[PDB]
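Peer 1: File input.cif below, mmCIF, C-alpha atoms and all ligand atoms:
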```
data_upload
loop_
_atom_site.label_atom_id
_atom_site.label_comp_id
_atom_site.auth_asym_id
_atom_site.auth_seq_id
_atom_site.Cartn_x
_atom_site.Cartn_y
_atom_site.Cartn_z
CA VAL F 579 93.08 212.18 101.54
CA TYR F 580 89.86 214.11 102.25
CA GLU F 581 87.58 213.91 105.29
CA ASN F 582 84.22 213.88 103.48
CA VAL F 583 84.90 211.39 100.67
CA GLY F 584 86.73 208.07 100.40
CA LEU F 585 88.79 206.52 97.59
CA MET F 586 86.91 203.92 95.55
CA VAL W 3 72.71 221.59 103.18
CA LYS W 4 73.82 223.09 99.85
CA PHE W 5 75.34 226.43 98.89
CA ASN W 6 75.06 228.78 95.91
CA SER W 7 78.63 230.04 96.31
CA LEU W 8 81.91 229.26 98.08
CA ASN W 9 81.28 232.23 100.36
CA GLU W 10 77.89 230.82 101.43
CA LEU W 11 79.64 227.54 102.28
CA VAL W 12 82.33 229.37 104.23
CA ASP W 13 79.99 231.60 106.21
CA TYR W 14 77.74 228.67 107.13
CA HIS W 15 80.74 226.81 108.48
CA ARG W 16 81.90 229.73 110.56
CA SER W 17 78.93 228.78 112.80
CA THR W 18 78.38 225.05 112.14
CA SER W 19 81.20 222.50 112.34
CA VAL W 20 82.81 221.53 109.06
CA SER W 21 83.83 218.19 110.63
CA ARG W 22 81.76 215.20 111.77
CA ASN W 23 84.59 214.14 114.08
CA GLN W 24 85.57 217.32 115.96
CA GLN W 25 84.08 220.76 116.51
CA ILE W 26 85.85 222.82 113.86
CA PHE W 27 84.55 226.29 112.98
CA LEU W 28 86.12 228.31 110.16
CA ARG W 29 88.07 231.47 110.87
CA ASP W 30 90.22 233.69 108.67
CA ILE W 31 93.99 233.19 108.68
CA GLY W 32 96.31 235.88 110.03
CA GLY W 37 95.21 239.46 99.07
CA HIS W 38 91.86 237.74 99.53
CA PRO W 39 91.57 236.55 103.13
CA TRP W 40 90.55 232.97 102.35
CA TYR W 41 90.53 232.20 98.60
CA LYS W 42 94.08 231.34 97.57
CA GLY W 43 93.66 230.19 93.96
CA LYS W 44 95.74 227.27 92.71
CA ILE W 45 97.89 227.03 95.82
CA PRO W 46 99.41 223.52 96.03
CA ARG W 47 97.95 221.25 98.73
CA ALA W 48 101.37 220.93 100.41
CA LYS W 49 101.89 224.70 100.49
CA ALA W 50 98.41 225.15 101.95
CA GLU W 51 99.34 222.67 104.69
CA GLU W 52 102.51 224.60 105.50
CA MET W 53 100.68 227.92 105.61
CA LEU W 54 97.88 226.61 107.81
CA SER W 55 100.28 224.89 110.22
CA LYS W 56 101.67 228.38 110.98
CA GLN W 57 98.31 229.69 112.17
CA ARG W 58 97.41 230.02 115.86
CA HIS W 59 93.77 229.01 115.75
CA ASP W 60 92.05 225.70 115.04
CA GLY W 61 89.65 226.40 112.20
CA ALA W 62 92.12 228.63 110.33
CA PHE W 63 91.34 227.83 106.70
CA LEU W 64 91.59 228.52 103.02
CA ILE W 65 89.84 227.45 99.86
CA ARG W 66 91.94 226.46 96.85
CA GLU W 67 91.42 225.32 93.30
CA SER W 68 92.46 221.66 93.28
CA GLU W 69 95.31 220.43 91.08
CA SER W 70 94.16 216.78 91.17
CA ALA W 71 90.58 217.78 90.35
CA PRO W 72 91.03 220.63 87.86
CA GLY W 73 88.24 223.21 87.85
CA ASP W 74 87.13 222.06 91.31
CA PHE W 75 87.82 223.23 94.86
CA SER W 76 89.15 222.01 98.19
CA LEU W 77 88.83 223.41 101.68
CA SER W 78 91.91 223.11 103.91
CA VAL W 79 91.62 223.64 107.66
CA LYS W 80 94.02 223.65 110.64
CA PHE W 81 93.17 221.35 113.53
CA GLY W 82 95.90 220.90 116.13
CA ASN W 83 99.13 219.59 114.62
CA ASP W 84 97.29 218.48 111.49
CA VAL W 85 95.59 220.01 108.48
CA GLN W 86 92.33 218.49 107.26
CA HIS W 87 91.07 218.70 103.68
CA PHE W 88 87.47 218.65 102.46
CA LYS W 89 86.56 218.16 98.81
CA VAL W 90 84.00 220.68 97.55
CA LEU W 91 81.33 218.71 95.72
CA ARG W 92 78.89 219.88 93.04
CA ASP W 93 75.30 218.75 92.51
CA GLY W 94 73.46 218.54 89.19
CA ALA W 95 72.85 222.30 89.16
CA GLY W 96 76.28 223.59 90.13
CA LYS W 97 75.47 224.13 93.81
CA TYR W 98 78.31 223.29 96.19
CA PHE W 99 78.21 220.97 99.21
CA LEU W 100 80.46 218.98 101.51
CA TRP W 101 78.19 216.40 103.15
CA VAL W 102 75.22 214.28 102.06
CA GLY W 103 71.93 214.39 103.95
CA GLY W 104 68.84 212.22 104.25
CA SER W 105 66.41 212.46 107.14
CA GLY W 106 65.88 208.73 107.69
CA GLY W 107 67.86 205.51 108.00
CA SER W 108 71.34 205.51 109.52
CA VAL W 109 72.90 208.90 110.22
CA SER W 110 75.98 209.87 108.16
CA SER W 111 75.57 206.85 105.84
CA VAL W 112 75.22 207.08 102.07
CA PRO W 113 72.86 205.62 101.05
CA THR W 114 71.07 205.94 104.41
CA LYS W 115 69.26 202.60 104.10
CA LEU W 116 70.34 199.06 103.26
CA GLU W 117 67.72 196.36 103.62
CA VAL W 118 67.43 192.81 102.35
CA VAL W 119 63.97 193.19 100.82
CA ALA W 120 63.79 189.71 99.34
CA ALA W 121 65.76 186.48 99.75
CA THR W 122 65.94 182.89 98.54
CA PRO W 123 68.09 180.28 100.27
CA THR W 124 71.02 181.22 97.96
CA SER W 125 70.35 184.79 96.80
CA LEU W 126 69.00 188.15 97.88
CA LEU W 127 67.96 191.57 96.75
CA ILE W 128 69.32 194.51 98.68
CA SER W 129 67.60 197.88 98.46
CA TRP W 130 68.39 201.47 99.33
CA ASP W 131 65.19 202.73 97.66
CA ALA W 132 63.91 204.29 100.86
CA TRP W 133 66.92 206.61 100.96
CA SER W 134 65.79 210.19 100.35
CA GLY W 135 68.70 210.96 98.03
CA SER W 136 67.38 212.58 94.85
CA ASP W 137 69.16 215.79 95.88
CA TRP W 138 72.47 213.93 96.10
CA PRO W 139 73.61 212.69 92.68
CA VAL W 140 75.40 209.34 92.61
CA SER W 141 77.73 208.40 89.75
CA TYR W 142 77.57 204.66 90.42
CA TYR W 143 77.12 202.39 93.41
CA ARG W 144 79.80 199.84 94.29
CA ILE W 145 78.59 196.70 96.06
CA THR W 146 81.03 194.40 97.83
CA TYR W 147 80.36 191.13 99.57
CA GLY W 148 82.26 188.23 101.03
CA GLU W 149 82.36 185.65 103.80
CA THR W 150 82.58 187.50 107.11
CA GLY W 151 86.11 187.10 108.46
CA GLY W 152 87.09 185.37 105.24
CA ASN W 153 90.52 184.76 103.76
CA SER W 154 89.70 185.62 100.15
CA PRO W 155 89.21 189.18 98.79
CA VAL W 156 85.63 190.45 98.66
CA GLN W 157 83.58 190.08 95.49
CA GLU W 158 82.56 193.37 93.92
CA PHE W 159 80.33 194.79 91.22
CA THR W 160 78.87 198.16 90.30
CA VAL W 161 75.51 199.50 89.19
CA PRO W 162 74.52 202.84 87.65
CA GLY W 163 73.64 205.74 89.92
CA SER W 164 69.96 205.54 89.00
CA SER W 165 69.71 202.09 90.64
CA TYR W 166 68.23 201.53 94.08
CA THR W 167 68.47 197.74 94.28
CA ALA W 168 71.11 195.09 93.66
CA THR W 169 71.05 191.31 93.25
CA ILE W 170 73.52 189.08 95.06
CA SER W 171 73.53 185.42 93.99
CA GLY W 172 75.30 182.13 94.61
CA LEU W 173 75.39 182.47 98.39
CA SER W 174 75.72 179.41 100.58
CA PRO W 175 73.16 178.89 103.39
CA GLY W 176 74.26 179.43 106.98
CA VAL W 177 77.35 181.43 106.01
CA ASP W 178 77.65 185.01 107.30
CA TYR W 179 78.33 187.56 104.57
CA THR W 180 79.37 191.18 104.96
CA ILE W 181 77.69 193.40 102.37
CA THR W 182 78.78 197.00 101.78
CA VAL W 183 77.45 199.70 99.46
CA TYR W 184 79.52 202.73 98.45
CA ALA W 185 77.83 205.69 96.74
CA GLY W 186 80.11 207.23 94.14
CA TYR W 187 80.41 210.96 93.55
CA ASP W 188 82.61 210.70 90.45
CA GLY W 189 84.94 207.99 89.17
CA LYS W 190 87.39 208.22 92.05
CA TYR W 191 85.55 209.12 95.27
CA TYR W 192 82.57 207.89 97.30
CA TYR W 193 80.53 209.94 99.76
CA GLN W 194 81.31 209.24 103.43
CA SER W 195 80.23 206.95 104.96
CA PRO W 196 79.42 203.67 103.18
CA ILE W 197 76.59 201.53 104.54
CA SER W 198 77.19 197.91 105.59
CA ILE W 199 75.26 194.90 106.88
CA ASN W 200 75.95 191.30 107.80
CA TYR W 201 73.49 188.71 106.58
CA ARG W 202 73.06 184.95 106.63
CA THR W 203 70.65 183.43 104.11
MG MG B 601 83.56 210.06 113.13
#
```
Can the structure from this file be put into structure tokens for me?
Peer 2:
Amino acid sequence: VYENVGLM
Amino acid sequence: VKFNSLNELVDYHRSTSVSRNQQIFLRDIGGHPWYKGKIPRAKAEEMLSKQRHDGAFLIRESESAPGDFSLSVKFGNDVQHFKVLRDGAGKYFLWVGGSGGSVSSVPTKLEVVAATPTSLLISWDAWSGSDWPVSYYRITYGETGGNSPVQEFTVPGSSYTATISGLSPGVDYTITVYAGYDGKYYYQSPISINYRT
């Protein structure tokens, strides 16, 4: 979804 | 690095890549030239896909994270999105630092600082991360190459150690720590080890 964070 | 304003973030990343994977430098698209308010993510993608240059970008107020911001950037036949993060004092940032341990990992360190034949204590204490607020840490572990789903538990963001118990000797376990930003997202990238007690 975003490059700099991941989905918990 | 951290920024006092969206413009500071933008101007920094006109000269330093916004991406860890490709060299992407921000440039204005061809109204405000880059701040597009509550433009929907899908409309931002359409707009950016019609730009000539890689690095063409905008900043938008997120719909999924109200009151917060997202950076959207053209790269080839794709559009990449970066979540604008806030620290404890309202400063903005995109990426977590730390001058030791493993590069691009959050936390930067993961060591088994104590072990018994069936248990261990993992620690990320030596991570220099007081400037990077963590909501909670998620710890997962399971038999390496196992059938079953991994076991998981969480600890508060003030923690720097975690106990793992009930391990069987001689079995390889994969242990991963994710550093939360909020209640939905973790900072890239998680840190992971394999260990055999
Ligand atoms: Mg990469």
Peer 1: Taking all atoms listed in the file and a cut-off of 9 Å, can you tell me which residues surround ligand MG 601 (chain B), written as a ChimeraX atom specification?
Peer 2: /W:21-24
Peer 1: Within 7 Å of segment 68-80 of chain W, counting all atoms listed in the file, which residues qualify if same-chain residues fewer than 6 places away don't, as a ChimeraX atom specification?
Peer 2: /W:44,54-55,60-62,86-90
Peer 1: Can you tell me how far atom CA of residue 5 of chain W sits from atom CA of residue 162 of chain W, in Å to one decimal?
Peer 2: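 Straight-line distance from atom CA of residue 5 of chain W to atom CA of residue 162 of chain W works out to 26.1 Å.
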Peer 1: Smallest atom-to-atom distance to residue 581 of chain F: which of W:151, W:195, W:93, W:63, using only C-alpha atoms?
Peer 2: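 Using only C-alpha atoms, residue 581 of chain F sits closest to W:195.
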Peer 1: Name the residues in contact with residue 584 of chain F at a cut-off of 9 Å, using all atoms listed in the file, excluding same-chain residues fewer than 2 positions from it; report them as a ChimeraX atom specification.
Peer 2: /F:579-582,586 /W:190-196
Peer 1: Using all atoms listed in the file, which protein or nucleic acid residues come within 7 Å of segment 133-147 of chain W? Drop anything in the same chain fewer than 3 positions from it, and give the result as a ChimeraX atom specification.
Peer 2: /W:93-94,102,104,113-115,130,156-163,179-188
Peer 1: Can you tell me which residues surround segment 175-177 of chain W at a distance of at most 8 Å, considering all atoms listed in the file, apart from same-chain residues fewer than 3 positions away, and format the answer as a VMD selection string?
Peer 2: chain W and resid 123 to 124 149 202 to 203
Peer 1: Figure out the distance between atom CA of residue 16 of chain W and atom CA of residue 29 of chain W, please, to one decimal in Å.
Peer 2: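 Going from atom CA of residue 29 of chain W over to atom CA of residue 16 of chain W covers 6.4 Å.
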Peer 1: Provide the atom CA of residue 38 of chain W to atom CA of residue 11 of chain W distance in Å, to one decimal place.
Peer 2: 16.2 Å
Peer 1: Place a sphere of radius 12 Å on (79.5, 229.2, 99.2) in the file coordinates and name every protein, DNA or RNA residue with an atom inside or on its surface, counting all atoms listed in the file; give the answer as a count of residues only.
Peer 2: 26
Peer 1: Using all atoms listed in the file, which of W:189, W:57, W:111, W:122 sits nearest chain F?
Peer 2: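 Looking at the shortest contact to chain F, the residue is W:189.
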Peer 1: Point out the residue among W:112, W:120, W:50, W:168 with the least atom-to-atom distance to residue 583 of chain F, counting all atoms listed in the file.
Peer 2: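 Checking each candidate against residue 583 of chain F, we get W:112 as the closest.
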Peer 1: Would you mind telling me which residue in W:198, W:18, W:110, W:125 lies nearest to chain F when using only C-alpha atoms?
Peer 2: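 With only C-alpha atoms as the atom set, the closest residue is W:110.
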